[PDB]
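Participant:
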């Protein structure tokens, strides 16, 4: 079996840097690239980028390019999502979903994660 | 035989390397 | 980039009646005989389930009632038997050209 047990329920403060962690049990990892989706409040999803453990290649969003550093941890099959300088308007529900089944969309999404801003 | 699902569009296809 | 301007975000559909969630794209998101348009069913407090992928290729898991008719930019989600399980927001994410984006969304509220 496979599952993406991600954790990122922290109360970030304006100008902080919280490092999330999306673990992948029963995963190949290098073969299954992970993508992150940011859902600010109850709005539509916003693809912030993706990652590849085999070649260590990422594709960040032109707006969040550099702000979100995806660290590689093949040893523990976990991809870190280091969100730096998180502004008050960054309260969203992140999801590290991958294209496990079909090669078009993501089937296995994260187990729900949300970062709230104190101000 | 090795195959990986790339992160480059369109979609995440599979490429058999080696 | 491609803008996924979907149809009426909010609408009511009784049990049995068909729904029409047409996701219009500003740019062509089609490939060599294969469109890259996915639809998700993000239920109230639940990750977006991959209903349809590759435009109209049903995702092995959901019933055979989630059809998808669309070519180039004019896409649609044909849900003839709208049961209570269709109480979620549907989004259309194009994965043809970068950057990948989702649609405005369509909170489908079923009716008893």
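Residue numbers (our numbering), protein chains in the order written: chain C, 1 to 119; chain B, 120 to 137; chain D, 138 to 249.
Note that the Cβ used here is the ideal one computed from N, Cα and C, for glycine as well.
Expressed to the nearest angstrom, what Euclidean distance is found between the alpha-carbon atoms of residue 210 of chain D and residue 194 of chain D?
Facilitator: Cα to Cα, residue 210 of chain D sits roughly 16 Å from residue 194 of chain D.
Participant: Please identify, using Cβ separations under 7 Å, the residues of the segment 223-240 of chain D that lie next to chain B, in order along the chain.
Facilitator: 232, 233, 234, 235
Participant: Confirm, please, whether the CB-CB distance from residue 155 of chain D to residue 199 of chain D is below 8 Å.
Facilitator: no
Participant: Would you mind listing the beta strand (DSSP E) stretches within the segment 43-119 of chain C that are 3+ residues and don't spill past its ends, in chain order?
Facilitator: 46-52, 68-73, 78-86, 92-98, 113-117
Participant: For the segment 90-97 of chain C against the segment 105-117 of chain C, do three or more pairs of beta-carbon atoms, one drawn from each stretch, fall closer than 8 Å, so that the two count as touching?
Facilitator: yes
Participant: Quick one: list the residues of chain C neighbouring residue 175 of chain D, beta-carbon separation under 7 Å, in chain order.
Facilitator: 104, 105
Participant: Can you tell me the Cα-Cα spacing of residue 196 of chain D and residue 106 of chain C, whole angstroms?
Facilitator: The straight-line gap from Cα to Cα measures roughly 10 Å.
Participant: Smallest Cα separation from residue 3 of chain C: which of C/9, C/26, C/82?
Facilitator: C/26
Participant: Assuming residue 179 of chain D and residue 146 of chain D make a contact with CB atoms under 8 Å, what is their CB distance in whole Å?
Facilitator: Contact flag wrong, Cβ pair sits at about 13 Å.
Participant: Taking 6 Å as the limit between beta carbons, can you name the residues of its chain near residue 17 of chain C, skipping five residues before and five after?
Facilitator: The residues are 84.
Participant: Please state whether the Cβ-Cβ distance between residue 163 of chain D and residue 140 of chain D is less than 8 Å.
Facilitator: yes
Participant: If the cut is a Cβ gap below 7 Å, which residues of chain B does residue 121 of chain C touch?
Facilitator: The shown model of chain C, from 1 to 119, leaves out residue 121 of chain C, and the question about it has no answer.
Participant: Using beta carbons (cut-off 8 Å, strictly below), is residue 60 of chain C in contact with chain B?
Facilitator: no
Participant: Does the distance from the C-beta atom of residue 86 of chain D to that of residue 219 of chain D stay below 8 Å?
Facilitator: What the structure shows of chain D is the stretch from 138 to 249, and residue 86 of chain D is not part of that stretch, so it cannot be assessed.
Participant: Using a beta-carbon distance cut-off of less than 8 Å, what residues from the segment 191-211 of chain D approach chain C?
Facilitator: 191, 194, 196, 197, 198
Participant: Quick one: give me the first and last residue of the beta strand (DSSP E) that residue 135 of chain B is part of.
Facilitator: 133-135
Participant: What is the DSSP secondary structure of residue 222 of chain D, reduced to helix, strand or coil?
Facilitator: Of the three classes helix, strand and coil, the one that applies to residue 222 of chain D here is helix, per DSSP.
Participant: Starting from residue 215 of chain D, trace the beta strand (DSSP E) in both directions and tell me its first and last residue.
Facilitator: 211-216
Participant: Looking at C-alpha atoms only, which residue of D/202, D/237, D/143 is the closest neighbour of residue 166 of chain D?
Facilitator: D/237
Participant: So residue 32 of chain C contacts chain B; which residues on that side make the cut at Cβ distance below 7 Å?
Facilitator: 124
Participant: Between residue 228 of chain D and the rest of its own chain, which residues show a CB-CB distance below 6 Å, the 5 nearest in sequence each way excluded?
Facilitator: The answer, listed in chain order, is 177, 239, 240, 242.
Participant: Here's the rule I'm using: 16 or more other beta-carbon atoms within 10 Å means buried, otherwise exposed. How should residue 223 of chain D be labelled?
Facilitator: Burial check for residue 223 of chain D: the Cβ neighbour count within 10 Å reaches 16 or more, so the residue is buried.
Participant: Starting from residue 177 of chain D, trace the beta strand (DSSP E) both ways and give me its first and last residue.
Facilitator: If you look at residue 177 of chain D, you'll find it in the beta strand (DSSP E) that goes 174-179.
Participant: Starting from residue 131 of chain B, find everything on chain C with Cβ-Cβ shorter than 7 Å and list it in chain order.
Facilitator: 33, 99, 103
Participant: According to DSSP, simplified to helix, strand and coil, what is residue 231 of chain D?
Facilitator: strand
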